[PDB]
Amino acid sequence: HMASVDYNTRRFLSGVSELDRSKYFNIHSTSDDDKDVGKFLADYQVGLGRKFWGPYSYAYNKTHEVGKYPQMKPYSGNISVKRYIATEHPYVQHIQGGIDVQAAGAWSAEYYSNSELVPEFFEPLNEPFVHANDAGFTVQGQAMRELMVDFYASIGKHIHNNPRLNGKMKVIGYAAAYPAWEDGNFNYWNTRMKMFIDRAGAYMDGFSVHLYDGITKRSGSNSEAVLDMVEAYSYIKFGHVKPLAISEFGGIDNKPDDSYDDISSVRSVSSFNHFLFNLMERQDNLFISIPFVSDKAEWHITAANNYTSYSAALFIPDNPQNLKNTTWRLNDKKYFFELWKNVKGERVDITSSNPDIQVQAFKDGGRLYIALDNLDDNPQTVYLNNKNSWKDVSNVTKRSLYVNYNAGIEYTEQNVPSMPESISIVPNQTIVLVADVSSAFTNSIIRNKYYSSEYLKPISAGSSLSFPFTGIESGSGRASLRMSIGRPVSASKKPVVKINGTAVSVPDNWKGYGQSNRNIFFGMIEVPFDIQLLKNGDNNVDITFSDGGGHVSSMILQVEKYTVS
């Protein structure tokens, strides 16, 4: 396996090259007013964030009745924007059968437009649909999912029609907990996220989902397919993608309760890394992402919980029964942020021959950062190639974060005397190489994605499926097809694939695991091919499976084209 870095070629994801740290290196908190958390944020260069508080928790606190809103103290001064996501629990205190949805929406706009400081993102209800059958709701099931979507729609409509908020606050939804698009032969997609996009999507600035590994893995090809489907349908519906927001990502350890444990609760860090590389490659269509690691989470530390900390906590009190006076310990989740500290700059060109080895590279003035992650279940040796034999690179330091499920995190920083010829990387290990670079850019390469008017197509044995694409700027560089399929695990993953009539090789491998422990495979399989097969303008992809069943969920062409600028 090989990875190649060209630090003399600047890389763009459509219009952006620079890494936006604020899209990634965040905690699931807004506790920057805590002395310990605030110091951590500065020390590790971390942003915010997410909070369960908003117009509906504020209003209920005043009126003690769902769907009834107080008067907001009038305020007509400047509105500043704090970068975080405000969300609400999908409680009966916030939404209920019989609610006046237009009044609820009006209230969000009244609450925020009379505030001196608003969140950059409002995500009205957290994981709403999984709560649609909760006993306390007087409307349940599909009717409640529809009411929750109408609540979202009203909020987006009212916020956007308020000139004090429009352009300042972005409304995102639906904070999806369980992005099992494929369930029920894609009935789940049709009745959850498709329905959301159809019924509230016009009023949303972007679409939000939660991405978790069980410790059943979404990292790798499943999460890629999950997010590609949202983009692919948004293109069809709106004529363009809308940005994504990954309002939680991490791991869930499968534990009889949600209490923190020093070994089990750090297993999530490997998931942070595995998802991060996916999301870095989406920066041009990503508002924000939030690693699911929080703060002191003092709300959890109660008699009823035996004074345990919450699993997602970042700080653990030395004395849980004296919270007023206790010292607080920063746990080993800190090493996720240590690994990525100072990493920034313009993307530079990088490729990896093995889809299980995720690669990133950035150049910030005289510093070069090269990152690798192993999604496979075996160690892999990766040959590192550079066309200039690294002549301009010196003072190499290797950072390594290895998550072992029994031993916890092993984090090391080592000076090495030259860029390595090859690197061995074990499962759940992420490496960041930091070096000085003295070089200037002689070329750029621009990654664009092209979406089809066709999506969600049922597969029949021997029956070709045609996917048209338009507006392609072809040229020199690289290209690939992102082919997402949901099929029984035994169904073929090796269709015949033709690019403008020319058959191309379909790889055996894809990002991450085989999903053998799932009944339905739902994943994006990349099919690299020669860019020279693409034409300027219209292109067609035709694919044929030898067996029936399942669907092609989305087909997206990725083109990385050499460009001046």
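Numbering starts at 1 and follows the sequence shown.
J.: With respect to the deposited sequence, is there a break between residue 215 and residue 216 in this entry, and if so is it 1 to 3, 4 to 9, or 10 or more residues, or none at all?
T.: Gap between residue 215 and residue 216: 4 to 9 unmodelled residues.
J.: Check the residues of the deposited sequence separating residue 439 from residue 440 and report how many of them have no coordinates, as none, 1 to 3, 4 to 9, or 10 or more.
T.: Per the deposited record, the segment joining residue 439 and residue 440 lacks coordinates for 1 to 3 residues.
J.: Of the two stretches 183 to 191 and 236 to 244, which shows the higher Cα B-factor on average in the entry?
T.: The stretch with the larger mean CA B-factor is 236 to 244.
J.: So, looking at the entry's B-factor column for Cα atoms, which has the higher mean, 476 to 484 or 463 to 471?
T.: It is 463 to 471.
J.: Can you tell me which of 166, 294, 360, 140 has the highest Cα temperature factor in the record?
T.: Of the options given, 166 has the highest CA B-factor in the PDB entry.
J.: So if I compare the CA B-factors in the entry for 31, 26, 536, 517, which one is the largest?
T.: Each of 31, 26, 536, 517 was compared by C-alpha B-factor; the highest is 517.
J.: Please rank the C-alpha B-factors of the chain's modelled residues and tell me whether residue 284 sits in the lowest, middle or highest third.
T.: Answer is lowest: the recorded C-alpha B-factor places it there.
J.: By the recorded C-alpha temperature factor, relative to the other modelled residues in its chain, which third is residue 523 in?
T.: It falls in the bottom third of the chain.
J.: Rank-wise, by C-alpha B-factor, drop residue 249 into the lowest, middle or highest third of its chain.
T.: As the PDB entry reports it, the C-alpha B-factor of residue 249 lands in the lowest third of its chain.
J.: Please rank the C-alpha B-factors of the chain's modelled residues and tell me whether residue 108 sits in the lowest, middle or highest third.
T.: Middle third, going by the recorded CA B-factors of the chain.
J.: Based on the entry's values, in what third of the chain does the Cα temperature factor of residue 261 lie: lowest, middle or highest?
T.: For residue 261, whose C-alpha B-factor we compare with every modelled residue in the chain, the answer is the highest third.
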